[PDB]
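*Asks:* Quick one: experimental structure and sequence below.
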Amino acid sequence: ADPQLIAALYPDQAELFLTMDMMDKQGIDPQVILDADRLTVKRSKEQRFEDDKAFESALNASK
Amino acid sequence: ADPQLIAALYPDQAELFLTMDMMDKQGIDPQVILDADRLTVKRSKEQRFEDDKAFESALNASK
Amino acid sequence: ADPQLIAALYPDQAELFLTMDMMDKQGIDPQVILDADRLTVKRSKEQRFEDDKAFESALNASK
Amino acid sequence: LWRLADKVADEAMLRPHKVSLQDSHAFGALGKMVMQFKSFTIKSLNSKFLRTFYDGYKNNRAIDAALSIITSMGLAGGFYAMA
Amino acid sequence: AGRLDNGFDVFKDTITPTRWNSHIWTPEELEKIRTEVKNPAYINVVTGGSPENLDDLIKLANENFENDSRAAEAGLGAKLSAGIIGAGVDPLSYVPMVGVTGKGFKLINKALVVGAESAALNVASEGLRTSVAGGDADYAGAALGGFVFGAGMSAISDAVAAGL
């Protein structure tokens, strides 16, 4: 009914809203999202520093 | 009968209470949880420290 | 007939008593204990110091 | 005089490893106060936390620091009260 | 079945002198400790079985010091860096925190942070104006010790009030 408002009111669930949007608005199978979640998202924290720096670098180089 | 008080009086079995909630409140099969618990039996000592540091970072990054 | 006295009189067999207690009073299959003993105990001595320190640390942090 | 008092203080009041009420009976106001401080120290050493701490890490230095701080402040307060 | 003992010795039962307590170093041992031990305070702790010789004591001390330095960033200083008393932390139910030195302890409680400029008003203010080396670290240690002590004493006061 209204995506932007729901996204704004519940920022913590941005990943959930992204997943729902991917499965319904885009055409991707729920199963592939499921096993992508269940599988390799393991590297944690020590690479979260590099992940943060990569996000800010991607913003800096975006043009 | 009363989940909050039982959890409060026995905080040590928080994992057990969560497992029971997963099986009965949610639809999660006991077998998948059981297999995951069986596979995640390598504490690795260093893995525990990295778990601590990642958890604290997730804690103070949550907002 | 009497677990505590038998445990006290033969301390060296504490592992055997633990295994028997697991396989009869607890519900764990003898086969899983057998093949756990076959495969798992490979690392030795050099990390036995680390294991000793881990045991004393777990006692210190027990609460 | 000073050596007499100091050696007697050591041997009679502080050297023994065991404190008692009859022990505090003999001395005066300052003697009673310091022997009750010795008793307080022994009580604290037998407290569950401090016993567990010593069994886990030994480290008598840390306990000495704590008890010395407590003893310094308490003796200051006691002298204040007497005066 | 009583049998009053009347034979308690505090240094026999409560505090037994270990090998590494009561052992005054020889000059060679002193030099070995000075050169080979990062933080000498870690010589004071003897966890588990007593090391046989000073080389093992030194190695164990260095391993413990490295572990504690590695642990400080997720340690109690960092954990308490947010709200010792806003969160109702009870230091009474705590392990002796032997390795903890104030280090990761910069207490910024989220909430209680209202308007919050990043630029200081003057060149004065800015940081703690102490001119001694190692400041902001020994100050942090004093602050963490004081926060632990005060929160625990508040908890003690509440418990004694309930008991009364």
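*Replies:* That came in fine, so what should we check first? Numbering: from 1, shown residues only, chains lettered A, B, ... in the order given.
*Asks:* Can you name the residue of chain A nearest chain E?
*Replies:* Across chain A, the shortest distance to chain E (C-beta to the nearest C-beta) belongs to residue A:45, at 9.1 Å. Where C-beta positions appear, they are placed from N, C-alpha and C, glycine not excepted.
*Asks:* Report whether stretch D:2-10 contacts chain E.
*Replies:* No - against chain E, stretch D:2-10 shows no contacts by C-beta under 8 Å from any C-beta of the partner chain, the least distance being 15.8 Å.
*Asks:* by contact count, what packs against whichever helix or strand residue E:149 is part of?
*Replies:* Following DSSP states H and E, the helix or strand that holds residue E:149 is helix E:138-163. Using 3 or more C-beta pairs under 8 Å, 6 or more residues apart in numbering or on different chains; DSSP states H and E as the contact criterion, the neighbours of helix E:138-163 among helices and strands are helix E:76-80.
*Asks:* How about the helix it packs on and chain D, any contact?
*Replies:* No - if you take C-beta under 8 Å from any C-beta as the test, helix E:76-80 misses chain D, and the best it gets is 15.7 Å.
*Asks:* likewise stretch E:44-56?
*Replies:* Yes - using C-beta under 8 Å from any C-beta as the criterion, contacts between stretch E:44-56 and chain D involve E:44-47.
*Asks:* May I have that stretch exported as CSV, CA atoms only?
*Replies:* Output of stretch E:44-56 as CSV, limited to C-alpha atoms (Å, rounded to 0.1, in the frame of the first residue of the first chain):
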residue,chain,number,x,y,z
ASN,E,44,51.7,-11.8,40.9
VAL,E,45,48.8,-14.0,39.7
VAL,E,46,49.2,-17.7,39.9
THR,E,47,46.2,-19.4,38.3
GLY,E,48,45.9,-23.2,38.5
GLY,E,49,49.0,-25.2,39.2
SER,E,50,52.1,-23.3,40.1
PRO,E,51,54.7,-23.0,37.3
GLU,E,52,57.8,-25.1,38.0
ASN,E,53,60.4,-22.5,37.1
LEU,E,54,60.6,-18.8,36.5
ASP,E,55,60.8,-19.2,32.7
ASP,E,56,57.4,-20.8,32.7
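*Asks:* is any part of that stretch close to chain B?
*Replies:* No - against chain B, stretch E:44-56 shows no contacts by C-beta under 8 Å from any C-beta, the least distance being 15.8 Å.
*Asks:* check whether that stretch contacts chain C.
*Replies:* Yes - part of stretch E:44-56 sits near chain C under the criterion C-beta under 8 Å from any C-beta, namely E:47-49.
*Asks:* quick one: which of those residues is most hemmed in?
*Replies:* For the residues of stretch E:44-56 next to chain C, the largest number of neighbours (other C-beta atoms under 10 Å in any protein chain shown) sits with residue E:47, at 19 neighbours.
*Asks:* Separate out the buried members of the residues of stretch E:44-56 next to chain D.
*Replies:* With neighbours counted using 16 or more other C-beta atoms under 10 Å in any protein chain shown, those contain these buried positions: E:44-47.
*Asks:* Could you dump the residues you listed into CSV and include secondary structure and distance to residue E:15?
*Replies:* Supplementary listing: these in CSV, determined by DSSP: H, G, I helix; E, B strand; the rest coil; distance: C-beta to C-beta, whole Å:
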residue, secondary structure, distance to residue E:15
E:44, coil, 14
E:45, strand, 15
E:46, coil, 13
E:47, coil, 16
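*Asks:* hmm, which two among the residues you listed are most spread apart?
*Replies:* For these, with distances taken as C-beta to C-beta, the pair at the greatest spread is E:44 and E:47 (11.0 Å).
*Asks:* between those two, what contacts are shared?
*Replies:* Taking C-beta atoms under 8 Å, 6 or more residues apart in numbering or on different chains as the contact criterion, the residues that touch both residue E:44 and residue E:47 are residue D:58.
*Asks:* Count the neighbours of residue E:74 for me.
*Replies:* 20.
*Asks:* what's the distance between it and residue E:64?
*Replies:* With distances taken as C-beta to C-beta, to the nearest Å, residue E:74 is found 17 Å from residue E:64.
*Asks:* picking up where we left off before, and the residue of chain A closest to chain E, how far from residue C:14?
*Replies:* 38 Å.
*Asks:* who has more neighbours, those two?
*Replies:* Taking neighbours as other C-beta under 10 Å, residue A:45 and residue C:14 compare with residue A:45 leading, 17 against 10.
*Asks:* what does chain E put close to chain B?
*Replies:* Those residues of chain E that sit near chain B, judged by C-beta under 8 Å from any C-beta, are E:70-71, E:73-74, E:78-79, E:82.
*Asks:* quick check: longest helix of the chain.
*Replies:* No chain in the question, so chain A it is. As assigned by DSSP state H, the longest helix anywhere in chain A is helix A:46-60.
*Asks:* not what I meant, chain D
*Replies:* Under DSSP H, chain D gives helix D:60-82 as its longest helix.
*Asks:* hmm, that helix touching chain E?
*Replies:* Yes - using C-beta under 8 Å from any C-beta, helix D:60-82 comes into contact with chain E via D:60-63.
*Asks:* Which residue is the nearest non-sequential neighbour of whichever residue of chain E sits closest to chain A?
*Replies:* When C-beta to the nearest C-beta is the measure, chain E has its nearest residue to chain A at residue E:74, with 9.1 Å between them. Nearest residue to residue E:74 in three dimensions, chain neighbours excluded: residue B:53, at 3.9 Å (C-beta to C-beta, 6 or more residues apart in numbering or on different chains).
*Asks:* ok, that neighbour - contacts?
*Replies:* For residue B:53, the set of contacting residues under the criterion of C-beta under 8 Å, 6+ apart consists of A:45-46, E:73-74.
*Asks:* does chain E sit close to the helix or strand harbouring residue D:24?
*Replies:* Under DSSP H and E, the secondary-structure element containing residue D:24 is helix D:21-26. No - when contact is scored as C-beta under 8 Å from any C-beta, no part of helix D:21-26 falls within range of chain E; the minimum is 12.1 Å.
*Asks:* C-terminal to that helix, what's the next element?
*Replies:* Proceeding C-terminally, helix D:21-26 gives way to helix D:29-45 as the next helix or strand, assigned by DSSP H and E.
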